[PDB]
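Written below as structure tokens is the structure these notes are about.
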Amino acid sequence: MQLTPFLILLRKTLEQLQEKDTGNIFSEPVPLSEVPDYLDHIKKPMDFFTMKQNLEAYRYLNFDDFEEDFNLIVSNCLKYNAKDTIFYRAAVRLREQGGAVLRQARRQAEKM
Ligand SMILES: CCOC(=O)Nc1cc(-c2ccc(C)c(NS(C)(=O)=O)c2)nn2c(C)nnc12
Numbered sequence: 628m629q630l631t632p633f634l635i636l637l638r639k640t641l642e643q644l645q646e647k648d649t650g651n652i653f654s655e656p657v658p659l660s661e662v663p664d665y666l667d668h669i670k671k672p673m674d675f676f677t678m679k680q681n682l683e684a685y686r687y688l689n690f691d692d693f694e695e696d697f698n699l700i701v702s703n704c705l706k707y708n709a710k711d712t713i714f715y716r717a718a719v720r721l722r723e724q725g726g727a728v729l730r731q732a733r734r735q736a737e738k739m
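If you want it as structure tokens, here you go:
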């Protein structure tokens, strides 16, 4: 498999995932200034902007590493927030809608 089409695919996939985050709550890192206790149990913060930077730094060279960081966006949010919050439900919805996006993209990658 060749690097350029793979990265093209990840760029598109990231945009597609970002589209699911309609509230844009996962677009940027959790503001430690607004949420001071955040790092106390979240050992690897993640967000779509950071994923973009990792992508263009050639840090995602296979689908799994890409999907791992997406999954962190979701699990960090589920971990930090109580179940009866908008945040927690947004992460569930992202997991759900994101999963379909990722499966389709992976099958595109396996044709390469
Ligand atoms: C007991 C309160 O718990 C929380 O405040 N949790 C969370 C809070 C925020 C959050 C707050 C305030 C602001 C201003 C932002 N800004 S932004 C541009 O990232 O949307 C984000 N994100 N977040 C994410 C993801 N996951 N959990 C949380």
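Note that the sequence shown covers residues 628 to 739 in the entry's author numbering.
Where is the CB? At the ideal position from N, CA and C, for every residue including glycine.
* Asked: Between the Cα of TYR707 and the Cα atoms of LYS639, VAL662, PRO632, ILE635, which residue gives the shortest distance?
  -> Relative to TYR707, the option among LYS639, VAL662, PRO632, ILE635 whose CA is nearest is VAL662.
* **Three-pair Cβ contact test at 8 Å for the stretch 638-650 versus the stretch 726-734** => With contact defined as three or more Cβ pairs closer than 8 Å, the stretch 638-650 and the stretch 726-734 are in contact.
* To do: Would you mind stating whether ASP691 and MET678 have Cβ atoms separated by less than 7 Å?
  => Their beta carbons are not under 7 Å apart, which means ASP691 does not touch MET678 by this criterion.
* Asked: Which runs of the beta strand (DSSP E) fall wholly inside the stretch 680-728 and span at least 3 residues, in chain order?
  -> Runs of the beta strand (DSSP E) spanning 3 or more residues and lying entirely within the stretch 680-728 do not occur at all.
* Do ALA736 and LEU636 have their C-beta atoms closer together than 7 Å? -> Less than 7 Å divides the Cβ of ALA736 from the Cβ of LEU636.
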